[PDB]
Amino acid sequence: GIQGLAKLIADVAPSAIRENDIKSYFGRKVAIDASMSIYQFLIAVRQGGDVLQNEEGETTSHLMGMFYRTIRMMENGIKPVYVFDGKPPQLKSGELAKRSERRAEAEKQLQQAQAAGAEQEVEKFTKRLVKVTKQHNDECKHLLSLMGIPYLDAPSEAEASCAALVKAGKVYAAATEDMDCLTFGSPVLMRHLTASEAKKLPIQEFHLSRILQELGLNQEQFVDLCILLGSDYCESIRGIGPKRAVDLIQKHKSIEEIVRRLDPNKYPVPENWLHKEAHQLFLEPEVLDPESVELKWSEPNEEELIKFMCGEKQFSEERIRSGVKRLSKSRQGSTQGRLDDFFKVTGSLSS
Amino acid sequence: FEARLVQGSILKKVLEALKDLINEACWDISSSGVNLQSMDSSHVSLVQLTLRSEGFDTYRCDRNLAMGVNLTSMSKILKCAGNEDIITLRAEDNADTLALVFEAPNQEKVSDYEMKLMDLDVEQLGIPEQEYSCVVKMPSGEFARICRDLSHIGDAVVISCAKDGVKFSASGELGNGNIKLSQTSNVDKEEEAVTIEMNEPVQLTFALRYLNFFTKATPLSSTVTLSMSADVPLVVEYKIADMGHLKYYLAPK
Amino acid sequence: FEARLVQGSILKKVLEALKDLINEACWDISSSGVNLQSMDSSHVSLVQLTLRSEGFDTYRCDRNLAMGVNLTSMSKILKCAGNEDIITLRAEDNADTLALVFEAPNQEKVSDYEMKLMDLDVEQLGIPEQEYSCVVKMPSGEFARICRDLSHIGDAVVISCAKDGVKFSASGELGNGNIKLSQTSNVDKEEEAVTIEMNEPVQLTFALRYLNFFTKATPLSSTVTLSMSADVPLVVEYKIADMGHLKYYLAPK
Amino acid sequence: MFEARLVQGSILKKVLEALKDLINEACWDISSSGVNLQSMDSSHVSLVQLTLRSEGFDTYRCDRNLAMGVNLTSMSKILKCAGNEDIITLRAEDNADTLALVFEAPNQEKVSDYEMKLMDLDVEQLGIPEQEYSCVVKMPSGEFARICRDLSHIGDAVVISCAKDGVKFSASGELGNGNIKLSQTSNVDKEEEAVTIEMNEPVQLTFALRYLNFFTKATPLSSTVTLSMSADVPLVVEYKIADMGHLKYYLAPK
DNA sequence: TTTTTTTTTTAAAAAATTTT
DNA sequence: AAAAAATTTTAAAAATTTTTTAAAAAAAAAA
DNA sequence: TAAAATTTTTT
């Protein structure tokens, strides 16, 4: 997404990054950028390098990982919606081309990594060879069609539809480890929503209302700042990172005024630069209608769950049955009121 | 900051109460007294704490200074003291460490303890002084007994109040619990007097894990001031007899 | 059906006795009294609990009705009762629940309870009552002590009985442990009333896990009526004072 | 051939409750002059000196010098059988590899004969030479128990920066710091609650505190702990039984 | 008459190994 | 001389059993 | 897709 937005927010607005615990969400409908979680769950599930290869020869690690994550979401009261990526644009496809040549360079390193015979190098480069296919995406869509967790497909990008879902007020927050949902427009983001280490790892809750009230910015100047911090569609100018882009936004307040009133020799503009197209992609993306599909949550039927995850991948029975049972017991309970609904915030001492 | 305590078992019972619900909070220590007002980790319950200057043996506080205290660490340090122990909470200018001594009353064991602490960011909710409709007083051990018995059946209590009766209903896979409490007319004591200020009948549902966390404060007093009204969170007020109160807030289900 | 007690500790100790050993059993509540003839979940021991209607202060069971109750669940609802309560059982013929009213003796905390029943069919017709060789009446906490520390030695007690006293012999990997009691008449003293009425000596082995499960019943009575014969299952009778009796049967090796 | 009748069997119950946690196996060096126990612990850090003399027991006689191998968790499980007022009759034989125990209640007519399974093990003798220690602290036993059990929550190490006016137990850890200072109490007129301080030079030694937590399970034996240490010699934690002997633990500093 | 330890029976972490 | 960078490298997991400590909590024995 | 480490310039 952005190389260093979260460091800039932690250096500028420490009150904007909330550290709310994973136990804090009951009525919060949560938008999950799904394919980021599928990549993350295809990294770490490994038996020395080989992931969960069953008798047929196709990986199932993201299925079981996203399964046990989803039981941890309903068992903690978090109400997730999983939104998958769509057709990426051409400005993104330049970044996918550089990721593809990075993966090819990882394969060229993998040649003498497997010629040397080191197990750690071949599992590290096999972690770098992780790429989702259409059938893995369809397996995850079918899996969320089993437990009734709702599924949405954006035409362009899931981060944009997650941010517009927060913008429409249908869900509470988007939850993803990239910072593009603040660029796409979400007032609240939940970075590092992981299913373990609740004491060790708090959720970095990014409030964009606090970001705009601390920077003195509107949304569009934050879009030009996120352009200047090196997004996937537009590069930096020349050596401009956090502080110089903060200095240019705080003086000029427009990317057009930045590209005119900078020096042609000091920080020169790169050739074939398309900041207007990335700005229009951030403000107005191709987003599906949030009112067209509802956000339902129904009780699943156990027989189809057993027939899928013990029939076509041949895994365990007692752990899956106990996870479905505690999912059902966590879902059938009544809702719990949050105390900040009844009492308004008068501020924070912050020691 | 220097706050000598006439007996330190009170604040030891405060830390035994707070160790099970709060891990991280700040102490709003001013010249008017020691305050704490922080939320849950699960963001369901708020703990308002108040200890005025009138209960300490001495109290000096130049600035309204707040430190971010690990409540498990301060609970382990307050476990070091006795029950007739005299505690001075000491924090000097730019106190990175909160200092405590536990002066034993025979002047034989003076135990200095400095506690390293971190910077925090805890949201403080602005609460009003609402005229509560149904204010229920009861014994504290009775209320802890009621919550601990009803937590065996199910996770939810249904606290219903009649014009003269308090109905702690609960249900689950074990069955249906129903603990009814009348109003005293012949007892007329201080500890054991179930008295209800009566405005309008209420019927609210609360979780029982948070009420079990609330009833770890039961050796502080013999008074649970259950103040509640319709769609308004429940006040559980352990009134310490000389030093403020310990108000537990609980948003209903 | 309405069985009202006056000592709630009796029924609470019966459910704490039968909680660990039996999971589900049929409380065959007859017109004469509340009866429970059960067989072990490990299918080794046998429990015949009898609670006659003289100890119940109000008994109104007109219909001979029996229901299957989870003993762990009903022991949890009896754990919701206090140490001394007034337990009023209640049930209806059409309704498949067993209501419990624990009226506290301050006449304020009237705690109604209800409980779902899990009915089953258990054969209550094979009962082992015949003449026994030796009967040993000896105090209950002493028998709990002997079974508890012979469980430390091994998992086999060899009870050898004679006229001069009873001998509890145990062996294991740790060593050999022989606890030899002696017959004391002990007039006007029930703390050490170890009376043995022996006719035929016997030497046979048991399993001390089921003896530990039997000796978790010991806060009911102050005495244990031990009884055994030659290749006959041993009887541990817990004689409740004019209220009933709890008999534990154990088939040996 | 070996006979040791003791009327106060709670002393042996407290001794095996003290030594059950850090000793897995030990040799019970039984001589005619009393009962000794030469044992270095399972992790090979701390050395334990248990001495029960001949005048502490009521009926005590030995034929030869006995050193039998005892699993002390087994002896703890067989000394959990006894009562507090229960008398204890030790017994052993020559050709039998079995240590016998007889528990008798005085006010009752109950006898509980217990036998033990022994094993063959290498006998260790580490005779610590005695000297006048530079730091002799005679403090209440429950206060030392309180100090070890509440300094355990801070850090794994403790420093004792003692002085002639009083002893100062100090520890540092990731939770914080703690400094327990005990004044030398003279106006108690009890000689059990008084922290008697006898020195010639103040010292300060870093000690392992999990080992002091394992040491302080001997607190029902005595109301006084005789803390004896010096600059390099290990700390002596002496538990003075009032008529039988002493139980000394030795702790090498960090 | 509620505590102090004591003992007890669950529960917190904290790891290597799996969940095929 | 700090500040502010742009290169290079690293990393992405959930959970039952099992294994040790911390810890409530009724149940021992206390003042 | 993220964070930090180490060397590199800008001022």
# chains A, B, ... in the order shown; residues from 1 in each chain; ligands from 1
>>> interface_residues(of="chain B", to="chain A", cutoff="7 Å", atoms="only C-alpha atoms", output="JSON, numbers by chain")
{"B": [26, 41, 42, 43, 44, 45, 66, 67, 68, 119, 120, 121, 122, 123, 124, 125, 126, 127, 251, 252, 253]}
>>> residues_around(residues="range 186-190 of chain B", least_positions_apart="3", cutoff="10 Å", atoms="only C-alpha atoms (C1' of nucleotides)", output="PyMOL selection string")
(chain B and resi 138-139+183+193-195+222-223) or (chain C and resi 106)
>>> write_last_selection(atoms="N, CA and C atoms", output="PDB file, in the first residue's frame")
ATOM      1  N   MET B 138     -28.307  -3.327  49.249  1.00  0.00           N
ATOM      2  CA  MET B 138     -28.330  -4.701  49.737  1.00  0.00           C
ATOM      3  C   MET B 138     -27.006  -4.974  50.444  1.00  0.00           C
ATOM      4  N   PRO B 139     -26.910  -6.067  51.220  1.00  0.00           N
ATOM      5  CA  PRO B 139     -25.590  -6.525  51.672  1.00  0.00           C
ATOM      6  C   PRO B 139     -24.681  -6.915  50.522  1.00  0.00           C
ATOM      7  N   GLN B 183     -38.116  -6.413  50.862  1.00  0.00           N
ATOM      8  CA  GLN B 183     -37.648  -5.240  51.584  1.00  0.00           C
ATOM      9  C   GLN B 183     -37.716  -5.514  53.079  1.00  0.00           C
ATOM     10  N   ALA B 193     -29.747  -4.756  55.214  1.00  0.00           N
ATOM     11  CA  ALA B 193     -30.969  -3.980  55.007  1.00  0.00           C
ATOM     12  C   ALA B 193     -31.166  -3.828  53.501  1.00  0.00           C
ATOM     13  N   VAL B 194     -32.097  -4.593  52.938  1.00  0.00           N
ATOM     14  CA  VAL B 194     -32.407  -4.505  51.517  1.00  0.00           C
ATOM     15  C   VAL B 194     -33.449  -3.403  51.354  1.00  0.00           C
ATOM     16  N   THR B 195     -32.986  -2.193  51.055  1.00  0.00           N
ATOM     17  CA  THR B 195     -33.851  -1.031  50.898  1.00  0.00           C
ATOM     18  C   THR B 195     -33.831  -0.573  49.448  1.00  0.00           C
ATOM     19  N   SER B 222     -20.181  -3.213  52.981  1.00  0.00           N
ATOM     20  CA  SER B 222     -21.364  -4.047  53.115  1.00  0.00           C
ATOM     21  C   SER B 222     -22.564  -3.343  52.496  1.00  0.00           C
ATOM     22  N   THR B 223     -22.320  -2.626  51.403  1.00  0.00           N
ATOM     23  CA  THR B 223     -23.337  -1.810  50.747  1.00  0.00           C
ATOM     24  C   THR B 223     -23.120  -1.874  49.245  1.00  0.00           C
TER      25      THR B 223
ATOM     26  N   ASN C 106     -33.185 -16.033  56.790  1.00  0.00           N
ATOM     27  CA  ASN C 106     -33.518 -14.658  57.140  1.00  0.00           C
ATOM     28  C   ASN C 106     -34.872 -14.229  56.582  1.00  0.00           C
TER      29      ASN C 106
END
>>> interface_residues(of="chain F", to="chain B", cutoff="12 Å", atoms="only C-alpha atoms (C1' of nucleotides)", output="mmCIF file with N, CA and C atoms (P, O5', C5', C4', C3', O3' and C1' of nucleotides), in the first residue's frame")
data_model
loop_
_atom_site.group_PDB
_atom_site.id
_atom_site.type_symbol
_atom_site.label_atom_id
_atom_site.label_comp_id
_atom_site.auth_asym_id
_atom_site.auth_seq_id
_atom_site.Cartn_x
_atom_site.Cartn_y
_atom_site.Cartn_z
ATOM 1 P P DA F 22 5.296 -18.586 38.825
ATOM 2 O "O5'" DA F 22 3.728 -18.283 38.752
ATOM 3 C "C5'" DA F 22 3.107 -17.490 39.755
ATOM 4 C "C4'" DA F 22 1.711 -17.086 39.322
ATOM 5 C "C3'" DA F 22 0.774 -16.686 40.460
ATOM 6 O "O3'" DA F 22 -0.052 -15.605 40.049
ATOM 7 C "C1'" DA F 22 -0.155 -18.497 39.277
ATOM 8 P P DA F 23 -0.900 -14.774 41.133
ATOM 9 O "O5'" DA F 23 -2.315 -15.516 41.163
ATOM 10 C "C5'" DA F 23 -3.036 -15.730 39.955
ATOM 11 C "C4'" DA F 23 -4.259 -16.595 40.204
ATOM 12 C "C3'" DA F 23 -4.945 -16.371 41.556
ATOM 13 O "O3'" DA F 23 -6.348 -16.232 41.379
ATOM 14 C "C1'" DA F 23 -4.511 -18.666 41.232
ATOM 15 P P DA F 24 -7.060 -14.818 41.658
ATOM 16 O "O5'" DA F 24 -8.622 -15.134 41.517
ATOM 17 C "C5'" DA F 24 -9.365 -15.565 42.651
ATOM 18 C "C4'" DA F 24 -10.133 -16.836 42.342
ATOM 19 C "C3'" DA F 24 -11.126 -17.263 43.416
ATOM 20 O "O3'" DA F 24 -12.215 -17.951 42.818
ATOM 21 C "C1'" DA F 24 -9.456 -18.903 43.217
ATOM 22 P P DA F 25 -13.676 -17.897 43.483
ATOM 23 O "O5'" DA F 25 -14.153 -19.423 43.475
ATOM 24 C "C5'" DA F 25 -13.195 -20.462 43.599
ATOM 25 C "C4'" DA F 25 -13.519 -21.361 44.776
ATOM 26 C "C3'" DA F 25 -14.239 -20.673 45.933
ATOM 27 O "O3'" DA F 25 -15.102 -21.595 46.578
ATOM 28 C "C1'" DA F 25 -12.169 -21.473 46.684
#
>>> select_by_dssp(residues="range 163-335 of chain A", states="strand (DSSP E)", output="list in words")
residues 173, 174, 175, 188, 189, 190, 191, 204, 205, 206 and 207 of chain A
>>> residues_around(residues="residue 20 in chain E", least_positions_apart="6", cutoff="9 Å", atoms="only C-alpha atoms (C1' of nucleotides)", output="MDAnalysis selection string")
chainID A and resid 52:55 60 313:316
>>> atom_distance(atom1="CA of residue 101 in chain D", atom2="CA of residue 177 in chain C")
9.1 Å
>>> closest_atom_pairs(of="chain F", to="chain A", cutoff="12 Å", atoms="only C-alpha atoms (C1' of nucleotides)", output="JSON lines")
{"residue": "F:3", "atom": "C1'", "partner": "A:243", "partner_atom": "CA", "distance": 9.8}
{"residue": "F:4", "atom": "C1'", "partner": "A:243", "partner_atom": "CA", "distance": 7.5}
{"residue": "F:5", "atom": "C1'", "partner": "A:239", "partner_atom": "CA", "distance": 6.5}
{"residue": "F:6", "atom": "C1'", "partner": "A:239", "partner_atom": "CA", "distance": 7.2}
{"residue": "F:7", "atom": "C1'", "partner": "A:239", "partner_atom": "CA", "distance": 11.2}
{"residue": "F:10", "atom": "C1'", "partner": "A:124", "partner_atom": "CA", "distance": 10.4}
{"residue": "F:11", "atom": "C1'", "partner": "A:43", "partner_atom": "CA", "distance": 9.5}
{"residue": "F:12", "atom": "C1'", "partner": "A:40", "partner_atom": "CA", "distance": 4.9}
{"residue": "F:13", "atom": "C1'", "partner": "A:44", "partner_atom": "CA", "distance": 5.4}
{"residue": "F:14", "atom": "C1'", "partner": "A:68", "partner_atom": "CA", "distance": 6.4}
{"residue": "F:15", "atom": "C1'", "partner": "A:68", "partner_atom": "CA", "distance": 8.8}
{"residue": "F:16", "atom": "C1'", "partner": "A:319", "partner_atom": "CA", "distance": 8.1}
>>> write_last_selection(atoms="N, CA, C and O atoms (P, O5', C5', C4', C3', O3' and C1' of nucleotides)", output="PDB file, in the first residue's frame")
ATOM      1  P    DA F   3      16.952  14.765  15.966  1.00  0.00           P
ATOM      2  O5'  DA F   3      16.560  15.058  14.444  1.00  0.00           O
ATOM      3  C5'  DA F   3      16.685  16.376  13.925  1.00  0.00           C
ATOM      4  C4'  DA F   3      16.396  16.400  12.436  1.00  0.00           C
ATOM      5  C3'  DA F   3      15.232  15.513  11.986  1.00  0.00           C
ATOM      6  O3'  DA F   3      14.353  16.262  11.160  1.00  0.00           O
ATOM      7  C1'  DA F   3      17.141  15.098  10.662  1.00  0.00           C
ATOM      8  P    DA F   4      12.918  15.672  10.753  1.00  0.00           P
ATOM      9  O5'  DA F   4      13.175  15.019   9.318  1.00  0.00           O
ATOM     10  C5'  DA F   4      13.927  15.729   8.345  1.00  0.00           C
ATOM     11  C4'  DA F   4      14.265  14.834   7.170  1.00  0.00           C
ATOM     12  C3'  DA F   4      13.217  13.758   6.856  1.00  0.00           C
ATOM     13  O3'  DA F   4      12.916  13.783   5.472  1.00  0.00           O
ATOM     14  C1'  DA F   4      15.355  12.815   6.931  1.00  0.00           C
ATOM     15  P    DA F   5      11.752  12.853   4.873  1.00  0.00           P
ATOM     16  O5'  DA F   5      12.519  11.528   4.410  1.00  0.00           O
ATOM     17  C5'  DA F   5      12.640  11.235   3.037  1.00  0.00           C
ATOM     18  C4'  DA F   5      14.017  10.700   2.703  1.00  0.00           C
ATOM     19  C3'  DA F   5      14.026   9.321   2.075  1.00  0.00           C
ATOM     20  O3'  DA F   5      13.855   9.430   0.670  1.00  0.00           O
ATOM     21  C1'  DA F   5      15.848   9.658   3.627  1.00  0.00           C
ATOM     22  P    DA F   6      12.993   8.332  -0.124  1.00  0.00           P
ATOM     23  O5'  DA F   6      13.899   7.981  -1.394  1.00  0.00           O
ATOM     24  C5'  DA F   6      15.292   8.265  -1.370  1.00  0.00           C
ATOM     25  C4'  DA F   6      16.118   6.990  -1.374  1.00  0.00           C
ATOM     26  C3'  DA F   6      15.413   5.748  -1.929  1.00  0.00           C
ATOM     27  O3'  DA F   6      16.310   5.025  -2.759  1.00  0.00           O
ATOM     28  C1'  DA F   6      16.270   5.288   0.203  1.00  0.00           C
ATOM     29  P    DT F   7      15.771   4.232  -4.046  1.00  0.00           P
ATOM     30  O5'  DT F   7      16.789   3.007  -4.194  1.00  0.00           O
ATOM     31  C5'  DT F   7      16.553   1.790  -3.487  1.00  0.00           C
ATOM     32  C4'  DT F   7      17.724   1.449  -2.583  1.00  0.00           C
ATOM     33  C3'  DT F   7      17.765   0.008  -2.110  1.00  0.00           C
ATOM     34  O3'  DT F   7      18.413  -0.809  -3.079  1.00  0.00           O
ATOM     35  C1'  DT F   7      18.183   1.489  -0.287  1.00  0.00           C
ATOM     36  P    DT F  10      16.310 -12.066   4.020  1.00  0.00           P
ATOM     37  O5'  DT F  10      15.316 -11.788   5.247  1.00  0.00           O
ATOM     38  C5'  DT F  10      15.737 -12.040   6.586  1.00  0.00           C
ATOM     39  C4'  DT F  10      14.791 -11.390   7.583  1.00  0.00           C
ATOM     40  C3'  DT F  10      13.410 -12.015   7.658  1.00  0.00           C
ATOM     41  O3'  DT F  10      13.404 -13.052   8.633  1.00  0.00           O
ATOM     42  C1'  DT F  10      13.270  -9.613   7.584  1.00  0.00           C
ATOM     43  P    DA F  11      12.453 -14.335   8.453  1.00  0.00           P
ATOM     44  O5'  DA F  11      10.979 -13.773   8.728  1.00  0.00           O
ATOM     45  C5'  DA F  11      10.584 -13.432  10.051  1.00  0.00           C
ATOM     46  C4'  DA F  11       9.288 -12.638  10.046  1.00  0.00           C
ATOM     47  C3'  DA F  11       8.087 -13.367   9.477  1.00  0.00           C
ATOM     48  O3'  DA F  11       7.476 -14.163  10.481  1.00  0.00           O
ATOM     49  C1'  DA F  11       8.208 -11.185   8.558  1.00  0.00           C
ATOM     50  P    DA F  12       6.587 -15.437  10.071  1.00  0.00           P
ATOM     51  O5'  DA F  12       5.142 -14.821   9.776  1.00  0.00           O
ATOM     52  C5'  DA F  12       4.473 -14.074  10.781  1.00  0.00           C
ATOM     53  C4'  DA F  12       3.310 -13.298  10.193  1.00  0.00           C
ATOM     54  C3'  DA F  12       2.149 -14.162   9.703  1.00  0.00           C
ATOM     55  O3'  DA F  12       0.922 -13.629  10.170  1.00  0.00           O
ATOM     56  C1'  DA F  12       2.812 -12.670   8.013  1.00  0.00           C
ATOM     57  P    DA F  13       0.271 -14.168  11.536  1.00  0.00           P
ATOM     58  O5'  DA F  13      -1.024 -14.979  11.058  1.00  0.00           O
ATOM     59  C5'  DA F  13      -0.878 -16.229  10.392  1.00  0.00           C
ATOM     60  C4'  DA F  13      -1.651 -17.313  11.110  1.00  0.00           C
ATOM     61  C3'  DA F  13      -1.843 -17.069  12.604  1.00  0.00           C
ATOM     62  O3'  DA F  13      -3.145 -17.438  12.974  1.00  0.00           O
ATOM     63  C1'  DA F  13      -0.844 -19.159  12.274  1.00  0.00           C
ATOM     64  P    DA F  14      -4.057 -16.430  13.825  1.00  0.00           P
ATOM     65  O5'  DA F  14      -5.152 -17.390  14.467  1.00  0.00           O
ATOM     66  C5'  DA F  14      -5.946 -18.211  13.629  1.00  0.00           C
ATOM     67  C4'  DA F  14      -6.035 -19.613  14.194  1.00  0.00           C
ATOM     68  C3'  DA F  14      -6.328 -19.677  15.696  1.00  0.00           C
ATOM     69  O3'  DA F  14      -7.537 -20.392  15.920  1.00  0.00           O
ATOM     70  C1'  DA F  14      -4.500 -21.101  15.098  1.00  0.00           C
ATOM     71  P    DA F  15      -8.191 -20.471  17.386  1.00  0.00           P
ATOM     72  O5'  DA F  15      -7.685 -21.883  17.931  1.00  0.00           O
ATOM     73  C5'  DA F  15      -7.696 -23.010  17.062  1.00  0.00           C
ATOM     74  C4'  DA F  15      -7.165 -24.243  17.761  1.00  0.00           C
ATOM     75  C3'  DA F  15      -7.382 -24.258  19.274  1.00  0.00           C
ATOM     76  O3'  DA F  15      -7.924 -25.502  19.678  1.00  0.00           O
ATOM     77  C1'  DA F  15      -5.107 -24.660  18.763  1.00  0.00           C
ATOM     78  P    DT F  16      -9.015 -25.559  20.856  1.00  0.00           P
ATOM     79  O5'  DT F  16      -8.804 -27.004  21.497  1.00  0.00           O
ATOM     80  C5'  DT F  16      -8.998 -28.158  20.703  1.00  0.00           C
ATOM     81  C4'  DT F  16      -7.909 -29.182  20.962  1.00  0.00           C
ATOM     82  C3'  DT F  16      -7.668 -29.516  22.440  1.00  0.00           C
ATOM     83  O3'  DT F  16      -7.931 -30.895  22.669  1.00  0.00           O
ATOM     84  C1'  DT F  16      -5.629 -29.226  21.253  1.00  0.00           C
TER      85       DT F  16
END
>>> interface_residues(of="chain E", to="chain B", cutoff="12 Å", atoms="only C-alpha atoms (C1' of nucleotides)", output="PyMOL selection string")
chain E and resi 2-4
>>> write_last_selection(atoms="N, CA and C atoms (P, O5', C5', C4', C3', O3' and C1' of nucleotides)", output="PDB file, in the first residue's frame")
ATOM      1  P    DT E   2     -18.820 -12.258  59.268  1.00  0.00           P
ATOM      2  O5'  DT E   2     -17.720 -11.815  58.194  1.00  0.00           O
ATOM      3  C5'  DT E   2     -16.888 -12.794  57.580  1.00  0.00           C
ATOM      4  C4'  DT E   2     -15.423 -12.521  57.870  1.00  0.00           C
ATOM      5  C3'  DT E   2     -14.490 -12.682  56.670  1.00  0.00           C
ATOM      6  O3'  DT E   2     -13.446 -11.714  56.730  1.00  0.00           O
ATOM      7  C1'  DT E   2     -13.818 -14.146  58.373  1.00  0.00           C
ATOM      8  P    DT E   3     -12.886 -11.043  55.380  1.00  0.00           P
ATOM      9  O5'  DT E   3     -11.304 -11.277  55.456  1.00  0.00           O
ATOM     10  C5'  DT E   3     -10.777 -12.600  55.493  1.00  0.00           C
ATOM     11  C4'  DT E   3      -9.997 -12.834  56.774  1.00  0.00           C
ATOM     12  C3'  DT E   3      -8.513 -13.137  56.582  1.00  0.00           C
ATOM     13  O3'  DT E   3      -7.771 -12.595  57.664  1.00  0.00           O
ATOM     14  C1'  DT E   3      -9.533 -14.949  57.664  1.00  0.00           C
ATOM     15  P    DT E   4      -6.214 -12.242  57.484  1.00  0.00           P
ATOM     16  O5'  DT E   4      -5.478 -13.647  57.674  1.00  0.00           O
ATOM     17  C5'  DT E   4      -4.559 -14.097  56.695  1.00  0.00           C
ATOM     18  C4'  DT E   4      -3.700 -15.222  57.236  1.00  0.00           C
ATOM     19  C3'  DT E   4      -2.701 -15.792  56.238  1.00  0.00           C
ATOM     20  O3'  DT E   4      -1.548 -16.279  56.919  1.00  0.00           O
ATOM     21  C1'  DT E   4      -4.268 -17.456  56.800  1.00  0.00           C
TER      22       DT E   4
END
>>> residues_around(residues="range 214-221 of chain A", least_positions_apart="5", cutoff="12 Å", atoms="only C-alpha atoms (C1' of nucleotides)", output="PyMOL selection string")
chain A and resi 8-17+182-187+207-209+226-228+245-258+276+278-284
>>> atom_distance(atom1="CA of residue 47 in chain C", atom2="CA of residue 218 in chain C")
14.7 Å
>>> atom_distance(atom1="CA of residue 274 in chain A", atom2="CA of residue 92 in chain A")
12.1 Å
>>> residues_around(residues="residue 21 in chain F", least_positions_apart="4", cutoff="12 Å", atoms="only C-alpha atoms (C1' of nucleotides)", output="list in words")
residues 210 of chain D; 11, 12, 13 and 14 of chain E
>>> closest_atom_pairs(of="chain B", to="chain D", cutoff="6 Å", atoms="only C-alpha atoms", output="Markdown table")
| residue | atom | partner | partner_atom | distance |
| --- | --- | --- | --- | --- |
| B:80 | CA | D:150 | CA | 5.1 |
| B:108 | CA | D:183 | CA | 5.4 |
| B:109 | CA | D:182 | CA | 4.7 |
| B:110 | CA | D:181 | CA | 5.3 |
| B:111 | CA | D:180 | CA | 3.9 |
| B:112 | CA | D:179 | CA | 4.7 |
| B:113 | CA | D:178 | CA | 4.2 |
| B:114 | CA | D:177 | CA | 5.3 |
| B:115 | CA | D:176 | CA | 4.5 |
| B:116 | CA | D:176 | CA | 5.0 |
>>> write_last_selection(atoms="C-alpha atoms", output="PDB file, in the first residue's frame")
ATOM      1  CA  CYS B  80       3.181  -7.445  49.681  1.00  0.00           C
ATOM      2  CA  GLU B 108       9.478  -3.190  62.822  1.00  0.00           C
ATOM      3  CA  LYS B 109       9.142  -3.787  59.057  1.00  0.00           C
ATOM      4  CA  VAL B 110       9.317  -0.758  56.756  1.00  0.00           C
ATOM      5  CA  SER B 111       9.127  -2.051  53.189  1.00  0.00           C
ATOM      6  CA  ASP B 112       9.975   0.438  50.443  1.00  0.00           C
ATOM      7  CA  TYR B 113       8.624  -0.349  46.969  1.00  0.00           C
ATOM      8  CA  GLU B 114       9.117   1.705  43.819  1.00  0.00           C
ATOM      9  CA  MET B 115       7.081   0.649  40.793  1.00  0.00           C
ATOM     10  CA  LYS B 116       8.190   1.287  37.225  1.00  0.00           C
TER      11      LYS B 116
END
>>> residues_around(residues="residue 3 in chain G", least_positions_apart="6", cutoff="12 Å", atoms="only C-alpha atoms (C1' of nucleotides)", output="mmCIF file with C-alpha atoms (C1' of nucleotides), in the first residue's frame")
data_model
loop_
_atom_site.group_PDB
_atom_site.id
_atom_site.type_symbol
_atom_site.label_atom_id
_atom_site.label_comp_id
_atom_site.auth_asym_id
_atom_site.auth_seq_id
_atom_site.Cartn_x
_atom_site.Cartn_y
_atom_site.Cartn_z
ATOM 1 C CA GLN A 3 5.590 2.695 2.508
ATOM 2 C CA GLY A 4 5.252 4.577 5.770
ATOM 3 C CA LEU A 5 1.795 6.013 6.414
ATOM 4 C CA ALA A 6 1.489 4.373 9.852
ATOM 5 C CA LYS A 7 4.899 5.700 10.932
ATOM 6 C CA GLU A 177 -3.055 -4.349 7.367
ATOM 7 C "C1'" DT F 9 17.039 -7.322 4.531
ATOM 8 C "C1'" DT F 10 13.270 -9.613 7.584
ATOM 9 C "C1'" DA F 11 8.208 -11.185 8.558
ATOM 10 C "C1'" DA F 12 2.812 -12.670 8.013
#
>>> residues_around(residues="residue 105 in chain C", least_positions_apart="6", cutoff="9 Å", atoms="only C-alpha atoms (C1' of nucleotides)", output="MDAnalysis selection string")
chainID C and resid 84:86
